[PDB]
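Only one chain is given next, in C-alpha cells, and it is the form deposited in one PDB entry.
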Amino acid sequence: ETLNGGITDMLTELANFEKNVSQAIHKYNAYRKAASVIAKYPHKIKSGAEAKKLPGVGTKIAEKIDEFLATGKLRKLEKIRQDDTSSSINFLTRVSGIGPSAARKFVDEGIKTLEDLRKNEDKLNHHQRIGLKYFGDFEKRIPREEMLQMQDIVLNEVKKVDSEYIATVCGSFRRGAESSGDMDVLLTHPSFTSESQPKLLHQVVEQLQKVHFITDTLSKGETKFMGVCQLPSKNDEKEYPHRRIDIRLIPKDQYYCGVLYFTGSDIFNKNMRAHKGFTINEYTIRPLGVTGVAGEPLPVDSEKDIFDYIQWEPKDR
C-alpha cells in the first residue's frame, strides 16, 4: 500500500500549500481525493495517463505525475519548498489554532518559526498558546493501551458525577484501532432531549479537571468542549504526552445518530449516507418524498434501529 508513495506524498504536499498558502480549500480537497484514490490503487503507476483513469485524477495531476516519474521531482514543489515566506506559512498552520489566515499575518510581521511564536506570546490567542505549548505532543499518536486508560478515567468520573449519564468514546478507538489521534467522547443524559444544559457538560468537565485529567481548555460551551488531558504517571516515570480530547453533550434521542457519526469511519459514513429513499445526518435519519422533501425524523433507541431502514459493527467500518 506504499506503491505510489512518492506520488501520494507529492500530492499531499501540494494539497497543504493550496490549503495553507494559496487558501484554495477546493484545490486542497481535490489533491487529497486524488492522493487517496491513488493510495488505494493496487499497482505501481507507470504513466499519468494510467492514473488519469481514476476518478479525482484529471489532466493537471496526470501531467504532474509524468514529470515526477521522469525526474523524481516537481519543479513547482522544489520551488515552493525553498520559498521562505510560503514554507513558513505552511509550517505555522501546524500549530493548532493557527489557520491559513493567522499564519500569513504572522509571516507578514516576520514571525516565522516556533521560536518567533514563543517570543510573541502576546500576539496569540488562548487556543494558539495552548497549541504552541503542546505543539509536539499533539502531533503524536495515542496507543490503544493509553486510550483504554483514558477511557477508564472518563467513564469512572462521568458515572461519579451522575450515574445516569451515558458516555461513549467514539472515533477509530471504538473501531478497535491500535492507535488514535485524539479522544472523542459523546455524552448524554436522560433529562436532555431535543426539547430541553442544566450544566450537564460543565459539571463533567469540572470533575475531570478536579482529578487533574483535563489540564487545559481550548473552547467550551453548552454542547461542545475542546481541551487537553493527560494520564497520571507514577512518582518516578516519565510523563505521558498531553493529548487532545473533545466532549460532546448530545440529547438522548440523537445520541445514537451522533454515536454512529463520530464512530466513523469517514469513508464508511459518506458511503452509507448516499446508500433507497433515506437521508442521514449526525443528528437524524429522515425519509424523502417526490421532489426529495425530508419528512419528520424517526425515533432511535440504539445504533441498530438505523440498520433497519436501508436494509444495510464498528469492528468492520
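Only the largest set of C-alpha atoms that superpose within 1.5 Å between the two forms is called the rigid core. Just count from 1 along the sequence shown to find any residue number.
In what follows, reference is made to the form deposited in another entry, a form of this protein that is not presented.
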{"query": "Core superposition between this form and the one not shown, C-alpha change of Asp66 at least 2 Å", "finding": "yes"}
{"query": "CA of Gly258, rigid core aligned, shift of 2 Å or more between this form and the one not shown", "finding": "no"}
{"query": "C-alpha of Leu249 moved at least 2 Å between this form and the one not shown on rigid core", "finding": "no"}
{"query": "Closer or farther: C-alpha pair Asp305/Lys159 in that other deposited form, relative to this form, given a change of 3 Å or more", "finding": "farther"}
